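These are the residues of each chain, in order.
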Amino acid sequence: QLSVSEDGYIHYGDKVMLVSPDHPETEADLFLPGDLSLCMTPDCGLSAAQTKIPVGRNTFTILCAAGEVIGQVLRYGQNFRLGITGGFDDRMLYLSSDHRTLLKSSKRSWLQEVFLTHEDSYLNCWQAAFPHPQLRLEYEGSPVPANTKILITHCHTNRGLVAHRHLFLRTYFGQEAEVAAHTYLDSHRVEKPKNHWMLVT
Amino acid sequence: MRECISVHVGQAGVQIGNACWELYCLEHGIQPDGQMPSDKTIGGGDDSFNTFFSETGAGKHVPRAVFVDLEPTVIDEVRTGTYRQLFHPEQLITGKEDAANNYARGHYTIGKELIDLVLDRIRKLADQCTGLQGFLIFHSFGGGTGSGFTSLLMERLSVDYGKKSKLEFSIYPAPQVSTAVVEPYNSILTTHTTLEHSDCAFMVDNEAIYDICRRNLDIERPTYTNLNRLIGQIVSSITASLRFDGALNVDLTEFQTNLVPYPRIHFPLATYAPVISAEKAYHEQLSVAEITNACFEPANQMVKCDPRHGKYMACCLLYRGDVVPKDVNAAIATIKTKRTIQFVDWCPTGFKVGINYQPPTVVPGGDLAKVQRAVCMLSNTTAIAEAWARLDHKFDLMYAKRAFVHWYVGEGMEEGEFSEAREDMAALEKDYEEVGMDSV
Amino acid sequence: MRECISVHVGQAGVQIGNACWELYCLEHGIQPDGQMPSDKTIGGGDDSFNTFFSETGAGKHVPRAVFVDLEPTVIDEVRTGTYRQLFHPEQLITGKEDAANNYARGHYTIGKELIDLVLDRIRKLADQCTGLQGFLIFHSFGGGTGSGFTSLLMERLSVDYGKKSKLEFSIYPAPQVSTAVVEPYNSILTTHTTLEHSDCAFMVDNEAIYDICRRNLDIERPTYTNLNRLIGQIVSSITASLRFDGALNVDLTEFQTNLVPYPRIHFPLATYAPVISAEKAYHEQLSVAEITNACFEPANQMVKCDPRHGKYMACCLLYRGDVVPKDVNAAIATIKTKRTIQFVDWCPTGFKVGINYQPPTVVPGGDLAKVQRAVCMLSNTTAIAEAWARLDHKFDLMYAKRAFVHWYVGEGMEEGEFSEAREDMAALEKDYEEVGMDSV
Amino acid sequence: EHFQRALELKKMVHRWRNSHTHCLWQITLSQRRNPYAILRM
Amino acid sequence: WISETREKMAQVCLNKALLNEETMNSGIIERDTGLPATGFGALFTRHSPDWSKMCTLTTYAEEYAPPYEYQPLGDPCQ
Amino acid sequence: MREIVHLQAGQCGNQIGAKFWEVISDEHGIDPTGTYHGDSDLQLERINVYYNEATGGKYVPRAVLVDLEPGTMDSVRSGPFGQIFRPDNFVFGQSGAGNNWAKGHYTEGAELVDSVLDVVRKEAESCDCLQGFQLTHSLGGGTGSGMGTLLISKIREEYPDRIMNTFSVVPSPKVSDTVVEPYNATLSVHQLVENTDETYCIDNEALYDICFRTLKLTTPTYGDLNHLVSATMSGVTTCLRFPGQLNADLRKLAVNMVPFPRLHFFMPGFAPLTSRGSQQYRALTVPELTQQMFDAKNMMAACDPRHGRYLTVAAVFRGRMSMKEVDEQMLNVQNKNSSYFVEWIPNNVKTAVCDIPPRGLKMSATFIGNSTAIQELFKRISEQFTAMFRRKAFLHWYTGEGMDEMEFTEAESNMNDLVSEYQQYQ
Ligand SMILES: Nc1nc2c(ncn2[C@@H]2O[C@H](COP(=O)(O)OP(=O)(O)OP(=O)(O)O)[C@@H](O)[C@H]2O)c(=O)[nH]1
Ligand SMILES: Nc1nc2c(ncn2[C@@H]2O[C@H](COP(=O)(O)OP(=O)(O)OP(=O)(O)O)[C@@H](O)[C@H]2O)c(=O)[nH]1
Ligand SMILES: Nc1nc2c(ncn2[C@@H]2O[C@H](COP(=O)(O)OP(=O)(O)O)[C@@H](O)[C@H]2O)c(=O)[nH]1
Ligand SMILES: [Mg+2]
Ligand SMILES: [Mg+2]
């Protein structure tokens, strides 16, 4: 069971699962139909299956990276950690990545790659931000609500978690989607619906 | 910054100035009011459109274009069309009497009194620019304004600005069918005069796109709009690299450097690769090698002139979509000297490549679907020397019995201009014969 | 990735490819409007279907063979049938006037005008054919289009693609039933040309399958769609080594290196073993010897001739499904005790085996039961010399009166094409008498 | 020598096509040979 | 009134165990106390195959044990 | 320290060594996901002889897996042991050969040789000490008999010092599977006799005898027949593989088994074979293995020892054993049937041992041996080749890739004087 939000905003210590909202876009031509939720994937890795209920394989406990308290209101553009509990008695796991070299390339598209690992560093902190480019500095550092379209950005690559539904990863489960970290910008240089995310409660 | 003006001349200029500029409105976010819709998100500081669309404060994007005509029944379809609020009324120049399939009408008598106002307006659309890449001329060799006034636009433009870029995309006559009869007198006496007053060029014959549309699509009984749309699809890919980023880039100063070996030999062709219908787009999957070989095949050519008879003098490529420079450079290498493809020996490297990420955009009511790769290739050849030789054939034939000529002398015109415009193509036929000679 | 660019010609090849290409849709997970239900194929599928189906950005699997005729009037039922969204709009080459049981117009006049748009499509399909070892041809000797268009291609492909394989699933005109009359002319002349250009020839005939579906199947009064699945399964066990896994996967050169010893003898047979009804199969007992020994008894052959008169000389096998390879060893070992089943002295080895995993998938709405072991013994035999001499005997009798000949001089032949295609068959009758001749 | 240079670029294009087949087979060799292991499971 | 090719292609167009993987845990085993023994012990066949193991010692390693037991030793020096 | 280079070709070869690298993975105790999960520290001692080390603690072999198509390297990757062979150790052409030697020897098989030659020189020179080369070629087809048997001729060009030993698949007796086999076996023998130094011979109709007469199986497969082909390779190296009493290696047996360069024509065997239900009731001791490995039906090369005479016989042993009572069993069988050797050699047997029997077993053996009734095996091919060449049958497949008839006129002159050696020793 996830944690309810009294006020609209998402505190730390809340059990929250991560899902990309549904896209009205048509340029991709290959298209998982709607509301694709991120998931832990073994053969670990990381990939978003189809829309799912909170199943514990999805559920992220919103931790603290700058030494914050268990219940604390979270603002845009501030570091936090998002921790997935292991199936057995494993305490914490970390949404991780690395600056790209030749040999650490993502599966099925040679982009940045996002995976899960035990160890702790600054490559585990993420900060979420406003989608509109003209309003980021107006609303930066403001309490972020429950179920809203916000972008997920790193704090050492400044890239962003991409809903890359062009390609399909057939798994043991058969539900599919590939997730990397890459920032996309339009001909007007605005952030695409390819990169949006929503942290449901 | 990085502005580039369109100057379209004729009612062919206005039938092209609607279909081009309707693609340009939906290639960017523009509505027919002019303003992009509120709830469309743009960061504001980065403007892709600014080559073509000017800006006031309120957000209205008036194009930097002027249209030229001498009879109002073609611009009055623009002035109360769908786009009647987008185009600022000063830019759409109308005469009162048309030059009426002639040269000296629009070159000395009637077009003389309409170079006054257009020169006033191009100094009001080229003061706004910081860096003007070049103008563009979209004119038809057939009618009076497209042949007479167009060359007199050219000569005055040389005095006023010097060495700016002035490209043309010219509607050359088709070899078999035509609008009219008196068209060669207007098609050689402008070509003889627009030689020292032209930077780069292209050609199209109107019957050649008629061939492509039926043999590649099922659009039976086409229309000029179904041809004016593909002219939009080929002008957009000329300027595709100016506004949107890429792995490589092609600017407008850049065709003439790599395709004009000599400053009178500036006559490429034009070709657009993936001509394929919407119910044929889904079935056949396509690759970068697949779109290149079509531009090499003679069926896709926008002229009725096969370069199998001639030598590929130089080339230009404009790729688009999801192309890799790795597989662009593989089919380029797969094409040869020993094939039906054959190059001159004095152009050994022989290419220019430009790669744009932004995929081509589909216009409502057209024919082609959401294609994902494309080519705009502009290859010079020695084969154009047969296109002049057929128009030499049918001009001195009409000049043998000295026909239609009273319609030319008494319109403020001299006499010997026929005797030199046949002389001038005779040396330029020799000039195009020696440009392709093997090394001695 | 392994491939098969198969060839179909005519009323023959499109009412065969209505039933042959039905099965490649059916044996993989191919639904009849392009896509896949994504239920995972036996083994690896993504290499199993790539002999037939390719992929685009819609998931749309579109085949890679070709259907040719000289009309629309039987291609149009494919175009207006159940499988209309699946085949490609330009993989279906049409004509306007059928060759009308002529070798004259079909090879030259109504052949040459239409051979050229085909050859774009093969060379646009053979670009991505990485593993493809030949071309597989389905034509008809006794018609116009299957014999005139086809041998126009057979003198052309060997010029272009060199030393590649050519094997034929060809519809031999039948020994007693007459569909046409003057079918010696279209059959003996095409076997004057193809005989030095092809390399193997699987031979089937209609009446000898009408024998089989009356006595093995119990169906009274069948049709072509009843007959075309038995040949349409013979094709799909021959192909079946590239596609689904097994102990002995078999390459496309195993066929034509073990069924043909010489240039001018390349005439095998065709036989397919478990031909038994859908309701009576479970009260008879399918054993591997009973499946094996059925094919050497002449009632299962698909050419009405007898090996009692002549001699087997080279052979094949391709088992499938539940096969214990010890039983294959101890079933063939009983054939080597016969003198009624005779070999010539110069093939002491004799055989070949290919083994898959898949039991044979059955069309729903058919005639055969869901069998689990099938073998097809495509095999040379020198008793087609009796069969070939009867499409030969009645030609000499006809030419003595010099009948029917005037419509063959009149479209681009001489009378000398008739004489040499008896001069060639004379030496071939002077050839099978020495191939089967014993050495003392 | 024109024949020498043209058939030189013939070797270069044949080498690139050969290596494209080879590299494609190894990367999707991993990708498409995982599922029959799952079916044997 | 319809052609045979269209007819056949339209006809083509118109054409449990008790312990499962969700029951393998709660169906218990080893109950009612049958007598387990070999030979004529009459139990159902128990987990008694010749299991496959590698012999860790060799001839040298067994026969050259310390002939008499002793306190091994200490580090030779500090 | 004395590593063995695993060489293959074809689709017969890769479907043989799919089981050889099962039992090395069984006996050294190797999980099919890279690591080690064994029951002692004896197997990890001499473990780099078949398994190179890397980061991650893992072990990939010296694995060369070749065919002239990706037709069968799809099946080894998705077999049971698939992610311990290397992704860079499948070398392939495009078009499969299919039943001729010439395109295996000259055009299609021979063009792709410059990636096997890379992976040998990258791997085998980087071994600290290789011991030699072991290649199994599909001798009756077109790729293994064509391309691998080319490499047998062209790595014996580079290093002549080492030992060459093959496990070849000679054509079957009564039922025959490909009509070009009295050519692609006749021609390979012309290449073998100057370029091989041990030739084992394996016949499948001689190995379907064992799973009916001995191991009592109604339905055998290839995954049943090929483990008695993994016996002749995993169980002859046992002196390198594990410590023990007496260690005698592969170079130590070619001294004792062949006396000559034109004799290397062996005839294998394997001792501890019986039924499956009667495993508990036959006692596996000294007399039983020696009673077994001398008969006709416990031998893998499809010939009869009665019609000729042996010359040499070798025997690996394993497990803790007595050496007296083994000797009186093999001194007896040299002497009780005194007809079945030649009297101009003193002895014939070689006894090597080990310490550890292969896993599951308890007291094992293996069997190597030269015999001069393998001259009957190479006469049935030369009977067939004479009854085909005189009619000039099937021949245009052979001049089409550049061979002449002088490869054919002397591939019987070689098979005449070979048997014209074994006729005196009779
Ligand atoms: N290829 C092509 N040609 C066009 C198109 N639209 C108009 N034309 C050509 O334009 C010519 C018409 O003459 P124009 O020069 O445009 O007429 P004008 O500008 O009013 O000149 P005058 O008639 O002399 O007054 C004919 O040759 C048409 O073929 C077009 O969309 N594509
Ligand atoms: N049994 C059977 N016979 C077929 C089938 N298709 C064609 N045939 C035979 O093919 C012959 C028909 O002649 P066509 O194939 O139409 O002649 P053509 O080569 O197409 O030349 P044109 O008729 O001039 O276009 C007859 O002998 C038919 O029995 C089939 O599907 N099953
Ligand atoms: N024992 C055994 N024999 C095999 C196996 N696979 C193939 N063969 C034999 O090898 C021969 C096949 O030859 P092939 O590999 O196709 O020839 P290639 O084209 O040269 O590789 C047949 O006679 C088979 O009996 C196997 O897994 N085990
Ligand atoms: Mg006008
Ligand atoms: Mg027809």
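Residues numbered from 1 in each chain as written, not as in the entry; some residues may be left out. Chains lettered and ligands numbered in written order. Part of a larger assembly, values for the part shown. Heavy atoms only, no water. Residues with missing side-chain atoms left out of burial classes, pairs and counts.

The deposited coordinates, according to the entry record, derive from cryo-EM at 3.4 Å resolution.

Colleague: I'm lost on the site of ligand 2 in this one. Help?
Modeller: Residue and element names in this part refer to chain C. In the vicinity of ligand 2 there are 19 residues, among which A100, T145, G146, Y224 and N228 approach most closely. Residue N228 places a side-chain N or O atom 2.4 Å away from an oxygen atom belonging to ligand 2. Here ligand 2 loses 87% of its free accessible area of 640 Å² to cover by the protein chains. Listed by contribution, the elements that provide at least two residues to the shell around ligand 2 are helix 1 (10-27), helix 5 (145-154) and helix 10 (224-238). A total of four residues in the shell around ligand 2 trace back to one element, the largest contributor, which is helix 1. (Near = heavy atom within 4 Å. Polar contact = N/O pair within 3.5 Å; in protein donor to acceptor, adjacent residues only side chain to side chain. Areas by Shrake-Rupley, 256 points an atom, 1.4 Å probe, with all protein chains shown as cover. Helix = DSSP H or I, 4+ residues; strand = E, 2+ residues; numbered from the N terminus.)

Colleague: Would you explain the site of ligand 3 in this entry?
Modeller: Residue and element names in this part refer to chain F. Around ligand 3 there are 14 residues in total, and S138, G142, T143, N204 and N226 lie nearest to it. The separation between an oxygen atom of ligand 3 and a polar main-chain atom of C12 is 3.0 Å. Interatomic distance of 2.4 Å between a backbone N/O atom of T143 and an oxygen atom of ligand 3. In terms of residue class, the shell around ligand 3 is made up of three nonpolar, 10 polar and one charged. (Nonpolar A, V, L, I, M, F, W, Y, C, P; charged D, E, K, R; others polar.)

Colleague: What's the story with the UniProt feature "binding site: Mg(2+)" in chain F in this structure? I'm lost.
Modeller: Under the UniProt annotation, "binding site: Mg(2+)" lies at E69(F). Tracing the backbone shows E69(F) in the loop between strand 4 (65-66) and helix 2 (73-77). The contact partners of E69(F), leaving out residues within four places of it in the chain, are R2(C), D251(C), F92(F), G93(F), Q94(F) and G96(F). (UniProt positions renumbered as here; feature names shortened; annotations may be inferred. Contact = heavy atoms within 4.5 Å.)

Colleague: How do you make sense of the pattern of salt bridges when you look at a structure like this?
Modeller: When their charged atoms lie close together, side chains carrying opposite charge are able to pair. Applying the stated criterion to the full structure yields 51 salt bridges over all chains. The salt bridge partner of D249(F) is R2(F), with a shortest N-O separation of 3.9 Å. Here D249(F) is found in the loop between helix 11 (238-241) and helix 12 (251-257), whereas its partner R2(F) is found in the segment before strand 1 (3-7), with 247 residues between them in sequence. Residue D249(F) is classed as buried on the basis of its relative accessible area, which comes to 16%. In the salt-bridge network here, residues are joined through shared partners; they are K280(B), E284(B), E90(C), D120(C) and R121(C). (Salt bridge = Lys/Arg side-chain N within 4 Å of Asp/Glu carboxyl O. Buried < 20%, exposed > 50% of the residue type's maximum accessible area, 1.4 Å probe, protein only.)

Colleague: Explanation requested: the environment of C125(A) in the structure shown.
Modeller: Residues and elements named next belong to chain A. Summarising the element assignment, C125 is placed in the loop between strand 7 (114-117) and strand 8 (126-129). For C125, a relative accessible area of 7% corresponds to the buried category. Excluding residues within four positions of it along the chain, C125 makes contact with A65, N79, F80, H154 and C155.

Colleague: Mind showing me how you'd approach the sheet that holds strand 9 (residues 353-356) of chain B here?
Modeller: Adjacent strands of a sheet form backbone hydrogen bonds with each other and so pair up, either parallel or antiparallel. Residue and element names in this part refer to chain B. Taken in spatial order, the four strands of this open sheet run 7-10-8-9, and their pairing is mixed. Whereas interior strands pair on both sides, the edge strands pair on one side only; in this sheet they are strand 7 (271-272) and strand 9. As judged from the four bridges shared by strand 8 (residues 317-321) and strand 9, these two strands associate in the parallel manner. By the bridge assignment, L318 is partnered in strand 9 with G354. Packed onto the sheet, helix 12 (residues 288-296) meets strand 7, strand 8 and strand 10 (373-377) and runs at close to 30° relative to strand 10. (Pairing = 2+ DSSP bridges. Axes fitted to C-alpha atoms, helices over the stretch in contact; angles between N-to-C directions.)

Colleague: Hey, could you run me through the sheet that holds strand 1 of chain F in this one?
Modeller: Residue and element names in this part refer to chain F. Pairing is parallel in the open sheet, where four strands are placed in the order 1-6-7-8. Of all strands in the sheet, those with a lone pairing partner are strand 1 and strand 8 (199-202), marking the two edges. Across the sheet, the axes of successive neighbouring strands diverge by a mean angle of 20°, strand direction being ignored. Two elements, strand 6 (residues 130-135) and strand 7 (residues 164-169), share three bridges in a ladder whose sense is parallel. Each residue of the ladder has a partner; that of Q134, found in strand 7, is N165.

Colleague: How should the packing of helix 13 (residues 325-334) of chain B against helix 1 (residues 2-40) of chain D be read in this particular structure?
Modeller: A pair of packed helices can be characterised by two numbers: the angle between their axes and the separation between those axes. Relative orientation of the contacting elements helix 13 of chain B and helix 1 of chain D amounts to 140°, with a least axis distance of 9 Å. Here helix 13 of chain B lies oblique to helix 1 of chain D, going by the angle between them. Judged by the sense of rotation from one axis to the other, the crossing of helix 13 of chain B with helix 1 of chain D is left-handed. Of the residues in helix 1 of chain D, those touching helix 13 of chain B at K326(B), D327(B), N329(B), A330(B), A333(B) and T334(B) are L9(D), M12(D), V13(D), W16(D) and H20(D). In the contact of helix 13 of chain B with helix 1 of chain D, the residues fall into six nonpolar, three polar and two charged. (Parallel < 35°, antiparallel > 145°, perpendicular 65-115°, else oblique. Left-handed = near helix turned anticlockwise from the far one by under 90°.)

Colleague: Is there a simple way to explain the coordination of the magnesium ion (ligand 5) in this structure?
Modeller: Four donors placed tetrahedrally around a metal ideally meet at 109.5 degrees, and six donors placed octahedrally ideally meet at 90 or 180 degrees. In the first shell of the magnesium ion (ligand 5), the protein supplies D69(C) (OD), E71(C) (OE) and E71(C) (OE), at 2.1 to 2.7 Å from the metal. The pair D69(C) / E71(C) is uniform in exposure class, with both members buried. (Donors = N, O, S within 2.8 Å, 3.2 Å for Na, K, Ca; no water.)

Colleague: Would you explain the domain arrangement of chain F in this entry?
Modeller: Put simply, an interface is often sized by how much accessible area is lost when its parts join up. Residue and element names in this part refer to chain F. On domain assignment, one finds that chain F holds domain 1 (3-257), domain 2 (265-374) and domain 3 (375-425). Taken over C-alpha atoms, the centre of domain 2 sits 34 Å from the centre of domain 3. Of the residues lining the interface, 11 residues belong to domain 2; the matching set on domain 3 comes to eight residues. Across the domain 2 to domain 3 interface the summed buried area is about 940 Å²; carbon plus sulfur atoms make up 64%. It is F265, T372 and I374 in domain 2 that bury the most area against domain 3; as a group they hold 54% of the surface buried on that side. Counting across the interface, domain 2 meets domain 3 through zero salt bridges. Where domain 2 touches domain 3, the interface holds four residue pairs in polar contact. Across the side of domain 2 that touches domain 3, the residue classes break down as eight nonpolar, three polar and no charged. (Domains from an automatic or database assignment. Buried area = accessible area lost by both parts, 1.4 Å probe.)

Colleague: I would appreciate a short explanation of the interface of chain F and chain C in the present structure.
Modeller: Counting residues at the interface gives 37 residues for chain F and 37 residues for chain C. Here chain F packs against chain C, burying approximately 3,200 Å² in sum over the two surfaces, 55% of which is carbon and sulfur. When the buried area of chain F at its contact with chain C is split by residue, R391(F), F394(F) and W397(F) rank highest and sum to 21% of it. Inspection of the chain F/chain C interface yields one salt bridge. Between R2(C) and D74(F) there is a salt bridge, with the nearest N and O atoms lying 3.7 Å from each other. One can count nine residue pairs in polar contact joining chain F with chain C. Mapped onto the side of chain F that touches chain C, the elements with two or more residues apiece are helix 6 (181-184) and helix 15 (377-389) of chain F. Element by element, the count of residues in the side of chain F that touches chain C is highest for helix 15 of chain F, at three residues.

Colleague: In this structure, what is going on with a positive patch on the surface? I would like to understand it.
Modeller: Together, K338(B), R339(B), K10(D), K11(D) and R17(D) make up a positively charged patch on the protein surface. Within the secondary structure layout, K10(D) lies in helix 1. Relative accessible area serves as the criterion here: at 41%, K10(D) is assigned to the partly exposed category. (Patch = residues over 30% accessible without salt bridge, like charges linked within 9 Å, V, L, I, M, F, W, Y side chains within 5 Å. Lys, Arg positive; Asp, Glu negative; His and termini not counted. Charge placed at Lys NZ, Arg CZ, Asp CG, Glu CD.)

Colleague: How should the side chain of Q358(C) be read in this particular structure?
Modeller: Structurally, the position occupied by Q358(C) is in the loop between helix 13 (325-335) and strand 8 (380-381). Those residues within four positions of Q358(C) in sequence are excluded, and the remaining contacts are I42(C), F244(C), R320(C) and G321(C).

Colleague: Please clarify how helix 7 (residues 183-193) of chain C should be interpreted in this entry.
Modeller: Count 3.6 residues to each turn of an α-helix, and residues three or four apart come out pointing the same way. The buried fraction of helix 7 of chain C is high, at nine of 11 residues. Burial in helix 7 of chain C covers these residues: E183(C), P184(C), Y185(C), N186(C), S187(C), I188(C), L189(C), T190(C) and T191(C).

Colleague: I'm lost on the pairing of strand 5 (residues 165-172) of chain B in this one. Help?
Modeller: Within a regular beta strand, the side chains point alternately toward one face of the sheet and then the other, so they alternate between its two faces. Residues and elements named next belong to chain B. The buried fraction of strand 5 amounts to seven of the eight residues, a majority that puts the element mostly inside the structure. Bridge count between strand 4 (residues 132-140) and strand 5: seven bridges; the pairing is parallel. For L136, the partnering residue across the bridge sits in strand 5 and is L167. The parallel pair strand 4 and strand 5 is bridged by helix 5 (residues 144-161), and the resulting crossover is right-handed. In the sheet, strand 5 pairs with strand 6 (residues 203-205) via three bridges, with the strands oriented parallel. Bridge pairing in strand 6 places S170 opposite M203. Chirality of the crossover, the property in question, places the unit of strand 5, helix 6 (residues 183-188) and strand 6 among those that are right-handed. (Right-handed = clockwise from strand over helix to strand, strands pointing away.)

Colleague: How should I be thinking about the interface of chain B and chain D in this particular structure?
Modeller: Of the residues lining the interface, eight residues belong to chain B; the matching set on chain D comes to seven residues. Here chain B meets chain D over a buried area of about 530 Å², counting both sides, of which 73% is carbon and sulfur. The three residues of chain B that bury the most area against chain D are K326(B), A333(B) and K336(B), which together make up 52% of that side's buried surface. In this structure, the connection of chain B to chain D is made through zero salt bridges. For the side of chain B that touches chain D, a count of residues per class yields three nonpolar, two polar and three charged.

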